[PDB]
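Data first, discussion second: the structure below is written as structure tokens.
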Amino acid sequence: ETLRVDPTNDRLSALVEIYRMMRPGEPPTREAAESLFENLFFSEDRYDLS
Amino acid sequence: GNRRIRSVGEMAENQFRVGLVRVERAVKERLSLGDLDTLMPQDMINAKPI
Amino acid sequence: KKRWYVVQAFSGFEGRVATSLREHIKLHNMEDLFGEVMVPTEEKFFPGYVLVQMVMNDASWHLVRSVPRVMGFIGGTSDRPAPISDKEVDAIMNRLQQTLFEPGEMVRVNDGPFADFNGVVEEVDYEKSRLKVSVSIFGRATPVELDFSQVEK
DNA sequence: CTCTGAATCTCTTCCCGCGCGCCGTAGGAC
DNA sequence: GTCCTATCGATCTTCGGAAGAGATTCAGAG
């Protein structure tokens, strides 16, 4: 059902949608959407389970 | 079983971490732009944020 | 062709904005993407934004916003900041290249021990490039003479 | 092709007195 | 040191409110 609701296609599409909804007014870029995604939940500066 | 107790030695630690994060934010740039030769570690940091 | 682009910058830090861009261009070695970043100044009309000679690449779009004290450019849309104009550059390069003490007038001293005081002109020391303004000392309007650069009009 | 449904968004509301206590612009240039 | 100009003009403001109602967008179809 989520697949039926998904308007995105692939990893590039995933980064584009994530970047647009995360930062309205900010243009997506392949080198930059990673800089957003990794910092979201994988980068120590902004994620740490105690 | 889902709520845990933070005490002084943890909240103070978090605040100290915040201070150090601000200090790092400044001094990373200072070291990138600094000449790194005449600089001494006292020059790198200033106590005021912490 | 590197069309100029206008960038918002921390007022009072505008010099550090231009320098912090100047370092970052070479460090990111995008020297082939930037001309110079103009901060015109007279003896700085608008404590505010900067002009950068630049091209429009997404790497350069993020590069300028990766310099400290830089929100970004001023343009129609954030996706594409716009240059200024053909003639606007020339006009700015043109300007970047291109009050008498009346008797009875009330002024303040600009410097010295009497700076920022309520004084009244008493006479005219014109040809000496000087001034003479009454002051309130000892309870009197004593005659005190000052330099020309002590005016506060 | 846009008309009445819902569906999702923003804006607004939340008793009353008393009494302490403290805390209250910032950075850098001449 | 005093006296000046200015606001994260390279962040991330707090997720532990309900609710109640309008306003604003979107369906199934005439």
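Chain labels run A, B, ... following the order of the structure tokens; each chain numbers its residues from 1, and ligands are numbered from 1 in the order shown.
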Handout entry: Contacts of residue 103 (chain C) at 8 Å (only C-alpha atoms (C1' of nucleotides); same-chain gap of 4+ positions) as a PyMOL selection string
Key = chain C and resi 121-124
Could you write those residues out with N, CA and C atoms, as a PDB file, in the first residue's frame?
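Output (again34.pdb):
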```
ATOM      1  N   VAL C 121      28.384  78.416  19.192  1.00  0.00           N
ATOM      2  CA  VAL C 121      29.453  79.132  18.508  1.00  0.00           C
ATOM      3  C   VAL C 121      29.470  80.576  18.978  1.00  0.00           C
ATOM      4  N   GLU C 122      30.670  81.085  19.272  1.00  0.00           N
ATOM      5  CA  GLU C 122      30.845  82.453  19.735  1.00  0.00           C
ATOM      6  C   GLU C 122      31.528  83.356  18.724  1.00  0.00           C
ATOM      7  N   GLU C 123      32.397  82.811  17.880  1.00  0.00           N
ATOM      8  CA  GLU C 123      33.108  83.595  16.879  1.00  0.00           C
ATOM      9  C   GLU C 123      33.548  82.636  15.781  1.00  0.00           C
ATOM     10  N   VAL C 124      34.173  83.187  14.745  1.00  0.00           N
ATOM     11  CA  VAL C 124      34.496  82.455  13.526  1.00  0.00           C
ATOM     12  C   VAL C 124      36.007  82.461  13.339  1.00  0.00           C
TER      13      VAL C 124
END
```
Exercise for the section: Show which residues sit within 10 Å of residue 22 (chain A), as a count of residues only. Count only C-alpha atoms (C1' of nucleotides), and ignore same-chain residues fewer than 5 positions away. Expected result: 4
Handout entry: region 8-20 of chain E surroundings by only C-alpha atoms (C1' of nucleotides), 10 Å radius, close-in-sequence under 5 positions cut, as a list in words
Key =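 Residues near the query, excluding close chain neighbours: residues 7, 8, 9, 10, 11, 13, 14, 17, 20, 48, 49, 62, 63, 64, 65, 66, 67, 68, 69, 70, 71, 72 and 73 of chain C; 12 and 13 of chain D.
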Exercise for the section: Apply DSSP to the backbone of this structure and, from chain B, keep only the residues in helix (DSSP H, G or I); write these as a PyMOL selection string. Expected result: chain B and resi 8-33+41-44
Expected file contents, prior selection, C-alpha atoms, as a compact mmCIF listing (two decimals), in the first residue's frame:
```
# COMPACT_ATOMS: atom_id res chain seq x y z
CA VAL B 8 23.29 16.74 38.02
CA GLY B 9 26.34 14.89 36.77
CA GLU B 10 24.60 14.24 33.47
CA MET B 11 22.75 17.47 32.77
CA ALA B 12 25.92 19.39 33.60
CA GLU B 13 27.83 17.06 31.29
CA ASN B 14 25.40 17.78 28.48
CA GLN B 15 25.69 21.52 29.00
CA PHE B 16 29.48 21.25 29.00
CA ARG B 17 29.24 19.29 25.76
CA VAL B 18 27.14 22.08 24.24
CA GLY B 19 29.73 24.64 25.25
CA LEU B 20 32.48 22.53 23.75
CA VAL B 21 30.49 22.12 20.54
CA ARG B 22 30.28 25.88 20.14
CA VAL B 23 33.99 26.22 20.90
CA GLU B 24 34.82 23.55 18.33
CA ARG B 25 32.60 25.27 15.77
CA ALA B 26 34.64 28.44 16.13
CA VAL B 27 38.10 26.94 16.39
CA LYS B 28 37.74 24.58 13.43
CA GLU B 29 37.34 27.66 11.25
CA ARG B 30 40.11 29.44 13.12
CA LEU B 31 42.47 26.53 12.44
CA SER B 32 41.40 26.27 8.80
CA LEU B 33 42.09 29.98 8.31
CA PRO B 41 46.60 26.35 21.96
CA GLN B 42 45.56 29.21 24.22
CA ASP B 43 44.90 31.19 21.05
CA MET B 44 42.71 28.44 19.65
```
Could you please select, counting only C-alpha atoms, the residues of chain A within 12 Å of chain B and state them as a PDB file with C-alpha atoms, in the first residue's frame?
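In the end it all went to result.pdb:
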```pdb
ATOM      1  CA  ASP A  45      27.406  14.964  15.273  1.00  0.00           C
ATOM      2  CA  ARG A  46      23.632  14.567  15.034  1.00  0.00           C
ATOM      3  CA  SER A  50      23.240   6.446  24.567  1.00  0.00           C
TER       4      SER A  50
END
```
Exercise for the section: Name all residues at most 8 Å from residue 145 (chain C) (count only C-alpha atoms (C1' of nucleotides); drop same-chain ones fewer than 3 positions away) and give them as a PyMOL selection string. Expected result: chain C and resi 130-133
Problem - region 25-27 of chain D environment, 12 Å, only C-alpha atoms (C1' of nucleotides), sequence neighbours closer than 6 positions dropped, as an MDAnalysis selection string - result: (chainID B and resid 48) or (chainID C and resid 12:13) or (chainID E and resid 3:7)
Handout entry: Near-residue 28 (chain E) list (12 Å; only C-alpha atoms (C1' of nucleotides); drop same-chain fewer than 2 positions) as a PyMOL selection string
Key = (chain D and resi 2-6) or (chain E and resi 26+30)
Determine, using only C-alpha atoms, which residues of chain C have any atom at most 9 Å from an atom of chain A, and tabulate each with its shortest atom pair and distance in Å to one decimal place, rows ordered by chain and then rising number, as a tab-separated table.
```
residue	atom	partner	partner_atom	distance
C:58	CA	A:29	CA	7.5
C:59	CA	A:29	CA	8.9
C:62	CA	A:32	CA	8.6
C:77	CA	A:25	CA	8.5
C:78	CA	A:25	CA	6.2
C:79	CA	A:27	CA	5.6
```
Would you save the residues of that selection, restricted to C-alpha atoms, as a compact mmCIF listing (two decimals), in the first residue's frame?
```
# COMPACT_ATOMS: atom_id res chain seq x y z
CA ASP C 58 25.53 24.00 -7.96
CA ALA C 59 28.96 23.50 -6.42
CA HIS C 62 26.58 25.70 -2.18
CA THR C 77 14.33 32.29 -6.69
CA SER C 78 16.57 30.34 -4.34
CA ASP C 79 17.06 27.67 -7.00
```
Problem - Top pick for closest residue to chain E, considering A:23, A:1, A:13, A:6 and counting only C-alpha atoms (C1' of nucleotides) - result: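 The answer is A:23, which sits nearest to chain E.
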Practice task
State, in Å with one decimal place, the distance from CA of residue 152 (chain C) to CA of residue 44 (chain C).
Solution key: 20.5 Å
Practice task
Within region 40-90 of chain C, find each residue whose DSSP state, derived from the backbone, is strand (DSSP E), and express the selection as a ChimeraX atom specification.
Solution key: /C:50-54
Exercise for the section: Just give me the gap between CA of residue 92 (chain C) and CA of residue 36 (chain C) in Å, one decimal is fine. Expected result: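 Result for CA of residue 92 (chain C) versus CA of residue 36 (chain C): 13.7 Å, one decimal.
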Handout entry: Between CA of residue 151 (chain C) and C1' of residue 2 (chain E), distance in Å (one decimal)
Key = 21.1 Å
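Once residue 120 (chain C) and its same-chain neighbours fewer than 6 positions away are set aside, residues 104, 105, 106, 107, 133, 134 and 135 of chain C remain within 8 Å of it when counting only C-alpha atoms (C1' of nucleotides).
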Deliver the residues from the most recent selection as a file, using C-alpha atoms, as a PDB file, in the first residue's frame.
```pdb
ATOM      1  CA  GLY C 104      24.944  81.311  16.679  1.00  0.00           C
ATOM      2  CA  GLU C 105      24.904  77.635  15.685  1.00  0.00           C
ATOM      3  CA  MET C 106      24.792  75.020  18.446  1.00  0.00           C
ATOM      4  CA  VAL C 107      27.223  72.127  18.003  1.00  0.00           C
ATOM      5  CA  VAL C 133      32.599  77.618  20.577  1.00  0.00           C
ATOM      6  CA  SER C 134      31.251  78.868  23.876  1.00  0.00           C
ATOM      7  CA  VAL C 135      31.101  76.286  26.660  1.00  0.00           C
TER       8      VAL C 135
END
```
